[PDB]
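Let me begin by presenting the structure, written as structure tokens, before commenting on it.
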Amino acid sequence: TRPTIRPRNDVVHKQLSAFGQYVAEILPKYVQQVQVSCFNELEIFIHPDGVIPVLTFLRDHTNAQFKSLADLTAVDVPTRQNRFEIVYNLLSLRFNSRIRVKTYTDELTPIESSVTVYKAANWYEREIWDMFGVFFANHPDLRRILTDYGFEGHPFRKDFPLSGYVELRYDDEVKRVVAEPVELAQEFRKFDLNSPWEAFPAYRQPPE
Amino acid sequence: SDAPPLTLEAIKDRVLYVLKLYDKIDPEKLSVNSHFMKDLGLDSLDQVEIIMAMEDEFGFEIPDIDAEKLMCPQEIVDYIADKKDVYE
Amino acid sequence: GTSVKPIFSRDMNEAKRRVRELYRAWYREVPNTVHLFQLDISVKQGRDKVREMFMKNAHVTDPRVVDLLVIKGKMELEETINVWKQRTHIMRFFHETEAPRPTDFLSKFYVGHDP
Amino acid sequence: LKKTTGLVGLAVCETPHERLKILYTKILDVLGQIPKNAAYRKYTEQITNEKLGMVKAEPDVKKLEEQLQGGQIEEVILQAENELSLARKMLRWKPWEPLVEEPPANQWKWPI
Amino acid sequence: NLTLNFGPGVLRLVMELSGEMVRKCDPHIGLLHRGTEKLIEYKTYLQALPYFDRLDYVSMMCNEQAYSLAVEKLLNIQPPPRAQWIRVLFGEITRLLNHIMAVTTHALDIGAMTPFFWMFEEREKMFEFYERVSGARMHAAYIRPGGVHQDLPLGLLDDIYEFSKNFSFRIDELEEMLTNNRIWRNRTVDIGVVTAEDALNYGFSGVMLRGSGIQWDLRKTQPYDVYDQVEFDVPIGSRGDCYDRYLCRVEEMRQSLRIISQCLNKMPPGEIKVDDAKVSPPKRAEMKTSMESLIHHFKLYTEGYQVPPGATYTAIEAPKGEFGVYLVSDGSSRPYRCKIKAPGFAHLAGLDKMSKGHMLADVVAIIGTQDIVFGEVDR
Amino acid sequence: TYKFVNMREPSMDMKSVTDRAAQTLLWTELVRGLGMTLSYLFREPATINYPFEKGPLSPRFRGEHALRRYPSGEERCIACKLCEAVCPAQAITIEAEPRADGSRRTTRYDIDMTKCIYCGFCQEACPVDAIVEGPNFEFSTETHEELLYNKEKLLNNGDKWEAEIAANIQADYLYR
Ligand SMILES: CCCCCCCCCCCC(=O)SCCNC(=O)CCNC(=O)[C@H](O)C(C)(C)COP(=O)(O)O
Ligand code: SF4
Ligand code: SF4
């Protein structure tokens with residue numbers, strides 16, 4: 001491992017693995033899997049019904065006390081039956097650590113809102129509803145936060161076109177700003193940059 | 001004339017009048033015993049539209065839990081008679 | 001099986017009731033919006049547009065889809081109440097500035113390759 | 001006695017030993033209703049018993065703060081309250097039960 | 001109790017007033033939403049790098065550093081020490097630019113407006129340092145996921161030293177005009193008080209934490225580059241009001257000067273990008289004389305480098321607080337997902353809580369002390 | 001390590017209380033601020049006399065694009081399309097075909113100056129130093145159309161600026 005390779009820390013890896021086992025032991029009803037990355041990042045995959053309990057545990061247990069909610073986001077993977085993946089990032093100041101909690105959902109299944117646990121989640125949850133269409137139940141007020149008023153569709157889905165469906169301009173006949181079907185003077189050039197000759201054998205998949 | 005009690009006749013006249021006010025119902029087909037579905041050809045949206053019009057003239061809020069059962073003008077007039085607590 | 005988690009309605013009756021309440025709210029609000037935004041349309045046109053937008057989704061037979069649409073409609077109505085939109089946002093529902101696309105085969109054949 | 005603990009909204013607690021002992025006793029009493037085999041019960045009982053044994057064996061405050069490894073004893077009382085609330089919520093939730101259900105076939109498979 | 005819409009950085013604010021007090025204050029955002037996180041998915045990592053300058057345009061090299069750290073963590077590589085020192089030196093310089101901007105803009109919104117020019121002279125000098133190294137005054141794109149793009153010009157360290165030995169007087173003049181002023185104190189003291197527990201729960205970070213008495217700093221608790229090799233102090237407030245945060249920002253400026261001096265004194269020799277031609281492009285002479293170098297230059301500037309699959313969350317102590325990127329890579333040369341966490345989002349979310357029972361004129365002061373730039377808020 | 005910014009307890013003796021009362025009643029700090037402003041009034045301003053005086057720049061400056069050529073007179077561009085592929089904003093459009101003598105040359109090279117972000121990726125991805133980002137920055141326009149450069153305009157820019165473009169390239173090419 002020459003100076004061009006990122007150094008590896010084993011103590012943090014062992015500590016994160018031990019804490020993952022500890023958490024999975026405490027809450028066997030909700031946690032479905034625990035992982036520790038090669039760069040010392042611990043993630044926990046749980047059932048959708050365990051959003052409120054597990055988070056509360058990680059915020060209130062004397063040994064976890066993950067006080068801060070750093071980020072909350074969603075990932076769209078259309079090839080999955082449960083399309084959307086919700087990610088919570090928690091930071092514990094007392095133990096100087098970070099954790100990740102992952103949950104799955106689809107278009108029609110709602111996810112219980114975690115505003116009661118973390119207030120910071122509030123706007124984040126709205127953002128998800130604005131960008132992906134995931135509905136959060138028992139939210140103080142759920143509405144669009146980023147897109148234009150009356151915007152149809154959720155832009156951050158993988159099946160949403162990059163340029164959208166409508167474009168704005170100004171019309172003098174009606175003396176106002178109007179929306180028209182989108183027409184581009186130059187079409188967005190699509191590049192097939194992905195190449196054959198796989199680069200990482202460590203991630204090779206079985207040939208089914 | 002000043003403020004006589006609401007007769008079961010005047011209520012019927014007012015209900016029938018505001019029914020004629022509807023643009024989708026012609027005066028030569030509806031009756032007091034007519035049904036909104038098959039004798040006049042309306043779906044639920046006109047029914048709520050009709051109900052809303054009645055509320056405005058009458059002045060009393062009608063809950064949705066029991067406004068779906070006002071299916072013909074007969075039970076409509078019975079409903080305002082019961083709500084206004086008027087006998088004969 | 002095919003058991004799913006509800007949103008607001010257990011069956012189609014409750015979803016229909018919520019649709020009815022949303023329609024009542026929109027019907028009541030149309031004249032206030034027309035007066036306040038100083039629209040060029042009449043109340044009759046606004047109510048007709050509300051009816052058309054409601055009947056556009058008349059073929060939905062899933063209570064979850066129906067009450068999600070109800071949630072979206074309630075959000076849009078709330079957006080309209082607080083004057084969060086402007087005249088342009090309200091008037092985008094009518095496409096007064098877009099040319100009318102034809103429907104028959106011959107016109108579409110003449111204009112271009114669009115099927 | 002120290003004043004202005006330094007954290008805004010956190011008040012200075014006079015006689016923190018009694019408050020800590022009461023809170024730990026209440027935490028143990030609530031934990032007593034959780035089933036024995038639950039990992040939460042044994043882990044939290046061990047932690048609370050260790051903290052109670054350390055708080056009962058030190059009359060000083062600064063040395064107790066150093067030993068507890070939490071610092072600023074008032075926030076240790078705050079964390080005790082948080083743990084008590086979590087224990088009650090957990091007794092309500094009952095998360096020691098088996099898994100609700102397995103995820104779909106390739107729910108967590110990455111890439112794709 | 002009337003409702004009013006302060007309409008069109010640029011912001012829309014719907015608030016209810018009961019006389020002079022503020023009852024509810026709801027900020028409407030989306031006026032600068034361009035969809036950066038979706039446009040990133042259609043670009044390679046190098047092509048997606050410049051978006052982060054546009055993210056927070058008051059602190060640009062910090063965003064570059066955050067993205068570079070995330071990509072390096074995914075790639076399992078590390079930059080040479082000189083690149084890290086340049087990153088740290090530039091990061092400190094950028095912090096000064098951000099703090100000058102925030103303090104002067106807050107004062108100008110209050111109504112002082114003289115320190116704005118006084119310190120924008122120094123901001124212009126800092127632009128020159130940014131310009132000399134990368135050819136751009138503001139949108140630099142200097143910091144790359146392999147290190148830095150180019151080495152320093154031969155006369156840059158001397159100029160940085162000459163500039164940085166006269167900045168203390170500028171900070172002293174700013175404090176003279178603002179710190180002890182009774183009007184400024186009345187405008188700022190005991191305004192927008194936030195408790196430590198509420199600040200933690202509401203997701204606040206940076207000065208908003210440190211102003212409330214919380215001893216937290218990502219450069220000290222979780223150093224990333226050469227920070228564990230530089231000594232500096234972390235200002236901590238005691239009341240959580242606007243005045244404490246202003247004092248914290250001034251002290252952070254002074255500590256940034258300290259770190260800049262340390263970085264200037266302890267500059268090491270060596271290369272400026274990782275000696276891995278499959279990640280960092282080779283030199284022009286090597287490209288024009290060597291076959292492997294030409295092939296690697298071609299493939300890096302046409303297709304890009306493949307990042308092993310995985311998801312990471314990398315956070316740094318940007319001048320506005322904790323700035324983070326959640327990057328998901330599927331193994332190709334284009335990121336699958338790039339979520340950006342900006343402290344302005346959480347701060348503006350907590351604005352409504354922080355402006356309870358305050359005058360209308362206090363909302364402007366609270367917004368100024370939040371250090372809100374809407375590029376990062378809207379993304 | 002950490003510092004306290006607002007942890008000073010004012011003295012409560014008679015002298016300090018009297019000093020604070022005198023400060024309140026006589027406005028000493030306001031006079032100090034006025035004196036600071038007055039002192040700043042009597043020093044030289046930092047304003048330069050544009051356009052007769054110009055702000056300093058460096059050889060690395062990115063400005064208006066140009067297409068260079070070899071000393072013999074042949075254009076350096078070989079239609080490798082690396083600059084088009086590396087452009088983050090997709091502002092470069094290239095079309096090419098064999099020339100009359102079989103040389104690999106472009107038939108169309110368009111840069112949309114209203115789409116370009118002036119990041120310099122194009123000039124550093126070029127293997128023959130064909131496309132360069134020149135040092136000119138005063139090229140504002142009264143209409144949108146004239147900001148859509150084609151091959152003729154870029155070649156004219158190269159022929160116009162080649163002197164100082166080559167000087168800057170000579171000054172800076174050892175850092176690349
Ligand atoms: C002034 C500008 C106006 C702008 C207008 C904005 C439009 C807002 C749109 C609100 C959101 C929706 O559409 S909510 C979508 C509504 N959902 C459904 O309709 C599903 C089930 N549909 C049915 O049951 C029948 O079609 C039905 C005829 C509805 C019932 O007839 P009856 O019960 O009688 O039998
Ligand atoms: S400077 Fe950047 S955006 Fe502009 S043409 Fe070159 S590569 Fe494209
Ligand atoms: S990179 Fe240079 S040689 Fe290649 S197409 Fe662009 S300008 Fe021509």
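Ligands are numbered from 1 in the order shown, residues from 1 within each chain, and chains are lettered A, B, ... in the order they appear in the structure tokens.
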
### Query
Given a cut-off of 7 Å, what residues near ligand 1 show up using only C-alpha atoms and all ligand atoms, put as a ChimeraX atom specification?
/B:43-45 /C:16,19,30,33-34,46-47,49-50,53-61,66,69-70,72-73,76,90,93

Taking a cut-off of 6 Å and counting only C-alpha atoms, can you build a table that, for each residue of chain E near chain D, reports the nearest atom pair and how far apart they are in Å (one decimal), sorted by chain then residue number, as JSON lines?
```
{"residue": "E:195", "atom": "CA", "partner": "D:8", "partner_atom": "CA", "distance": 4.8}
{"residue": "E:196", "atom": "CA", "partner": "D:8", "partner_atom": "CA", "distance": 5.5}
{"residue": "E:212", "atom": "CA", "partner": "D:8", "partner_atom": "CA", "distance": 5.6}
{"residue": "E:213", "atom": "CA", "partner": "D:7", "partner_atom": "CA", "distance": 4.8}
{"residue": "E:238", "atom": "CA", "partner": "D:6", "partner_atom": "CA", "distance": 6.0}
{"residue": "E:330", "atom": "CA", "partner": "D:111", "partner_atom": "CA", "distance": 5.4}
```

As a CSV table (one decimal) with N, CA, C and O atoms, in the first residue's frame, please: every residue in chain F that DSSP puts in helix (DSSP H, G or I).
```csv
chain,number,residue,atom,x,y,z
F,14,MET,N,-17.4,51.3,42.3
F,14,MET,CA,-17.9,52.7,42.0
F,14,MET,C,-17.3,53.2,40.7
F,14,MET,O,-18.0,53.9,39.9
F,15,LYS,N,-16.0,53.1,40.5
F,15,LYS,CA,-15.3,53.7,39.4
F,15,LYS,C,-15.8,53.1,38.1
F,15,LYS,O,-16.0,53.9,37.1
F,16,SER,N,-15.9,51.8,38.0
F,16,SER,CA,-16.4,51.2,36.7
F,16,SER,C,-17.9,51.5,36.4
F,16,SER,O,-18.2,51.8,35.3
F,17,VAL,N,-18.7,51.6,37.5
F,17,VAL,CA,-20.1,52.0,37.3
F,17,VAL,C,-20.2,53.4,36.8
F,17,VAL,O,-20.9,53.7,35.9
F,18,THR,N,-19.4,54.3,37.4
F,18,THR,CA,-19.3,55.7,36.9
F,18,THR,C,-18.8,55.8,35.5
F,18,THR,O,-19.3,56.6,34.7
F,19,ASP,N,-17.8,55.0,35.1
F,19,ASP,CA,-17.3,55.0,33.8
F,19,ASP,C,-18.4,54.6,32.8
F,19,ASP,O,-18.5,55.2,31.7
F,20,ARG,N,-19.1,53.5,33.1
F,20,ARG,CA,-20.2,53.0,32.2
F,20,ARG,C,-21.3,54.1,32.1
F,20,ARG,O,-21.8,54.3,31.0
F,21,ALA,N,-21.6,54.7,33.2
F,21,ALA,CA,-22.6,55.8,33.2
F,21,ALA,C,-22.2,57.0,32.3
F,21,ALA,O,-23.0,57.5,31.6
F,22,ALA,N,-20.9,57.3,32.4
F,22,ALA,CA,-20.4,58.4,31.6
F,22,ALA,C,-20.4,58.0,30.1
F,22,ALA,O,-20.7,58.8,29.2
F,23,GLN,N,-20.0,56.7,29.8
F,23,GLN,CA,-20.1,56.2,28.4
F,23,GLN,C,-21.6,56.3,27.9
F,23,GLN,O,-21.8,56.7,26.8
F,24,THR,N,-22.5,55.9,28.8
F,24,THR,CA,-23.9,56.0,28.3
F,24,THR,C,-24.4,57.4,28.1
F,24,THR,O,-25.1,57.7,27.1
F,25,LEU,N,-24.0,58.4,29.0
F,25,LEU,CA,-24.5,59.7,28.9
F,25,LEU,C,-23.8,60.6,27.9
F,25,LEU,O,-24.4,61.5,27.3
F,26,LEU,N,-22.5,60.3,27.6
F,26,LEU,CA,-21.7,61.2,26.8
F,26,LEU,C,-21.4,60.5,25.4
F,26,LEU,O,-20.8,61.2,24.6
F,28,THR,N,-19.4,57.9,24.2
F,28,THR,CA,-18.0,57.8,23.9
F,28,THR,C,-17.7,56.9,22.7
F,28,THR,O,-16.9,57.2,21.8
F,29,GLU,N,-18.4,55.7,22.7
F,29,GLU,CA,-18.2,54.8,21.6
F,29,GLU,C,-18.7,55.3,20.3
F,29,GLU,O,-18.1,55.0,19.2
F,30,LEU,N,-19.8,56.0,20.3
F,30,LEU,CA,-20.3,56.7,19.1
F,30,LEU,C,-19.2,57.6,18.5
F,30,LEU,O,-19.0,57.7,17.3
F,31,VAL,N,-18.6,58.4,19.4
F,31,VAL,CA,-17.5,59.3,19.0
F,31,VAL,C,-16.3,58.6,18.5
F,31,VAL,O,-15.7,59.0,17.5
F,32,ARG,N,-16.0,57.4,19.1
F,32,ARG,CA,-14.9,56.6,18.6
F,32,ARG,C,-15.2,56.1,17.2
F,32,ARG,O,-14.3,56.1,16.3
F,33,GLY,N,-16.4,55.6,16.9
F,33,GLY,CA,-16.8,55.2,15.6
F,33,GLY,C,-16.7,56.4,14.6
F,33,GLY,O,-16.3,56.2,13.4
F,34,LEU,N,-17.2,57.5,15.0
F,34,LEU,CA,-17.1,58.7,14.1
F,34,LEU,C,-15.7,59.0,13.8
F,34,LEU,O,-15.3,59.4,12.7
F,35,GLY,N,-14.8,58.9,14.8
F,35,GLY,CA,-13.4,59.2,14.6
F,35,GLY,C,-12.7,58.2,13.6
F,35,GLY,O,-11.9,58.5,12.8
F,36,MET,N,-13.2,56.9,13.7
F,36,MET,CA,-12.7,55.9,12.8
F,36,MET,C,-13.1,56.2,11.4
F,36,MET,O,-12.3,56.1,10.5
F,37,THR,N,-14.3,56.6,11.2
F,37,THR,CA,-14.8,57.0,9.9
F,37,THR,C,-14.0,58.2,9.3
F,37,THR,O,-13.6,58.2,8.2
F,38,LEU,N,-13.8,59.2,10.2
F,38,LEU,CA,-13.1,60.4,9.8
F,38,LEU,C,-11.7,60.0,9.4
F,38,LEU,O,-11.1,60.6,8.4
F,39,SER,N,-11.0,59.2,10.1
F,39,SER,CA,-9.7,58.7,9.8
F,39,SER,C,-9.6,58.0,8.5
F,39,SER,O,-8.7,58.1,7.7
F,40,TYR,N,-10.7,57.2,8.2
F,40,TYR,CA,-10.8,56.5,6.9
F,40,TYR,C,-11.0,57.5,5.8
F,40,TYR,O,-10.7,57.2,4.6
F,41,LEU,N,-11.6,58.6,6.1
F,41,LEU,CA,-11.9,59.6,5.0
F,41,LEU,C,-10.6,60.2,4.4
F,41,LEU,O,-10.6,60.5,3.2
F,82,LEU,N,-12.6,15.6,-28.4
F,82,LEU,CA,-12.4,15.5,-26.9
F,82,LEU,C,-13.0,16.7,-26.2
F,82,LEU,O,-13.6,16.5,-25.1
F,83,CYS,N,-12.8,17.9,-26.7
F,83,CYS,CA,-13.4,19.1,-26.1
F,83,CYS,C,-14.9,19.0,-26.1
F,83,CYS,O,-15.5,19.4,-25.1
F,84,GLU,N,-15.5,18.5,-27.2
F,84,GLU,CA,-17.0,18.4,-27.2
F,84,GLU,C,-17.4,17.3,-26.1
F,84,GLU,O,-18.5,17.5,-25.5
F,85,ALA,N,-16.7,16.3,-26.0
F,85,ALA,CA,-17.1,15.2,-25.0
F,85,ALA,C,-16.9,15.6,-23.6
F,85,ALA,O,-17.6,15.2,-22.7
F,86,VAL,N,-15.9,16.5,-23.3
F,86,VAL,CA,-15.6,16.9,-22.0
F,86,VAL,C,-16.3,18.2,-21.5
F,86,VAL,O,-16.3,18.5,-20.3
F,121,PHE,N,-12.2,23.3,-19.3
F,121,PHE,CA,-12.0,21.9,-19.6
F,121,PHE,C,-11.6,21.7,-21.0
F,121,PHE,O,-10.8,20.8,-21.3
F,122,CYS,N,-12.2,22.4,-21.9
F,122,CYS,CA,-12.0,22.3,-23.4
F,122,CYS,C,-10.5,22.5,-23.7
F,122,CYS,O,-9.9,21.7,-24.5
F,123,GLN,N,-9.9,23.6,-23.2
F,123,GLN,CA,-8.5,23.9,-23.5
F,123,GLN,C,-7.5,23.0,-22.9
F,123,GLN,O,-6.4,22.9,-23.3
F,124,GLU,N,-7.9,22.2,-21.8
F,124,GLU,CA,-7.0,21.3,-21.2
F,124,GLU,C,-7.2,19.9,-21.6
F,124,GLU,O,-6.3,19.0,-21.4
F,125,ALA,N,-8.3,19.6,-22.3
F,125,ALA,CA,-8.6,18.3,-22.9
F,125,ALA,C,-8.0,18.2,-24.3
F,125,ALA,O,-7.9,17.1,-24.8
F,145,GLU,N,-27.9,36.6,-30.7
F,145,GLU,CA,-27.4,35.8,-31.9
F,145,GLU,C,-25.9,35.9,-32.0
F,145,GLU,O,-25.3,34.9,-32.3
F,146,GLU,N,-25.3,37.1,-31.8
F,146,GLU,CA,-23.9,37.2,-32.0
F,146,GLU,C,-23.0,36.5,-31.0
F,146,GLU,O,-21.8,36.5,-31.1
F,147,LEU,N,-23.6,36.0,-29.9
F,147,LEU,CA,-22.9,35.2,-28.9
F,147,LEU,C,-22.9,33.7,-29.3
F,147,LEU,O,-22.4,32.9,-28.4
F,151,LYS,N,-17.2,28.5,-36.5
F,151,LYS,CA,-15.7,28.2,-36.8
F,151,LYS,C,-15.0,29.5,-37.3
F,151,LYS,O,-13.9,29.8,-36.9
F,152,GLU,N,-15.7,30.2,-38.2
F,152,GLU,CA,-15.1,31.4,-38.7
F,152,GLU,C,-14.8,32.5,-37.6
F,152,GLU,O,-13.7,33.1,-37.6
F,153,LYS,N,-15.7,32.7,-36.7
F,153,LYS,CA,-15.5,33.6,-35.6
F,153,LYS,C,-14.4,33.2,-34.7
F,153,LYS,O,-13.6,34.0,-34.3
F,154,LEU,N,-14.3,31.9,-34.4
F,154,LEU,CA,-13.3,31.4,-33.5
F,154,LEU,C,-11.9,31.5,-34.2
F,154,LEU,O,-10.9,31.9,-33.5
F,155,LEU,N,-11.8,31.2,-35.4
F,155,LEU,CA,-10.6,31.3,-36.2
F,155,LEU,C,-10.2,32.8,-36.3
F,155,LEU,O,-9.0,33.1,-36.1
F,156,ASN,N,-11.1,33.7,-36.4
F,156,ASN,CA,-10.8,35.1,-36.4
F,156,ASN,C,-10.3,35.6,-35.1
F,156,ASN,O,-9.3,36.4,-35.0
F,157,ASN,N,-10.9,35.1,-34.0
F,157,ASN,CA,-10.4,35.4,-32.7
F,157,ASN,C,-9.0,34.9,-32.5
F,157,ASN,O,-8.2,35.6,-31.9
F,158,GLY,N,-8.7,33.7,-32.9
F,158,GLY,CA,-7.3,33.2,-32.8
F,158,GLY,C,-6.3,34.0,-33.6
F,158,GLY,O,-5.3,34.4,-33.1
F,159,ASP,N,-6.7,34.4,-34.8
F,159,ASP,CA,-5.8,35.2,-35.6
F,159,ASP,C,-5.6,36.6,-35.0
F,159,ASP,O,-4.6,37.2,-35.1
F,160,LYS,N,-6.7,37.1,-34.3
F,160,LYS,CA,-6.6,38.4,-33.7
F,160,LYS,C,-5.8,38.4,-32.4
F,160,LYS,O,-5.1,39.4,-32.2
F,161,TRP,N,-5.9,37.4,-31.6
F,161,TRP,CA,-5.3,37.4,-30.3
F,161,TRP,C,-4.0,36.5,-30.2
F,161,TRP,O,-3.4,36.4,-29.1
F,162,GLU,N,-3.6,35.9,-31.3
F,162,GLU,CA,-2.5,34.9,-31.3
F,162,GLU,C,-1.2,35.4,-30.5
F,162,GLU,O,-0.6,34.7,-29.9
F,163,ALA,N,-0.9,36.7,-30.7
F,163,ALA,CA,0.3,37.2,-30.0
F,163,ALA,C,0.3,37.0,-28.5
F,163,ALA,O,1.1,36.2,-28.0
F,164,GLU,N,-0.7,37.6,-27.8
F,164,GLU,CA,-0.7,37.5,-26.4
F,164,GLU,C,-1.2,36.1,-25.9
F,164,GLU,O,-0.8,35.6,-24.9
F,165,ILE,N,-2.0,35.4,-26.8
F,165,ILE,CA,-2.4,34.0,-26.4
F,165,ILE,C,-1.1,33.1,-26.4
F,165,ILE,O,-0.9,32.4,-25.4
F,166,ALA,N,-0.2,33.2,-27.4
F,166,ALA,CA,1.0,32.5,-27.4
F,166,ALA,C,1.9,32.9,-26.3
F,166,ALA,O,2.6,32.1,-25.7
F,167,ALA,N,2.0,34.2,-26.0
F,167,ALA,CA,2.8,34.6,-24.9
F,167,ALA,C,2.3,34.0,-23.6
F,167,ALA,O,3.2,33.5,-22.8
F,168,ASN,N,1.0,34.0,-23.3
F,168,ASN,CA,0.5,33.4,-22.1
F,168,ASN,C,0.7,31.9,-22.1
F,168,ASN,O,1.1,31.4,-21.0
F,169,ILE,N,0.6,31.2,-23.2
F,169,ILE,CA,0.8,29.8,-23.2
F,169,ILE,C,2.3,29.5,-23.0
F,169,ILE,O,2.6,28.6,-22.2
F,170,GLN,N,3.2,30.3,-23.5
F,170,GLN,CA,4.6,30.1,-23.2
F,170,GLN,C,4.9,30.4,-21.8
F,170,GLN,O,5.7,29.6,-21.2
F,171,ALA,N,4.3,31.4,-21.2
F,171,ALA,CA,4.5,31.7,-19.8
F,171,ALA,C,4.0,30.6,-18.8
F,171,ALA,O,4.5,30.4,-17.8
F,172,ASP,N,2.9,29.9,-19.2
F,172,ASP,CA,2.2,29.0,-18.3
F,172,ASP,C,2.4,27.5,-18.6
F,172,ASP,O,2.1,26.7,-17.7
F,173,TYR,N,2.8,27.1,-19.8
F,173,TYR,CA,2.8,25.7,-20.1
F,173,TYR,C,3.7,24.8,-19.3
F,173,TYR,O,3.5,23.6,-19.3
F,174,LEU,N,4.6,25.4,-18.5
F,174,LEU,CA,5.4,24.6,-17.6
F,174,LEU,C,4.7,24.1,-16.3
F,174,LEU,O,5.1,23.2,-15.7
F,175,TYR,N,3.5,24.8,-16.0
F,175,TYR,CA,2.7,24.3,-14.9
F,175,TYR,C,1.7,23.3,-15.3
F,175,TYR,O,0.9,22.8,-14.4
```

Requested in this report: Give the residues close to ligand 3, within 7 Å, counting only C-alpha atoms and all ligand atoms; write them as an NGL selection string.
Outcome: :F and (76-84 or 122 or 125-131)

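Atom to atom, atom CA of residue 297 of chain E and atom CA of residue 338 of chain E stand 25.5 Å apart.
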
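Of the listed residues (B:62, B:25, B:6, B:19), B:62 comes nearest to chain C; the distances count only C-alpha atoms.
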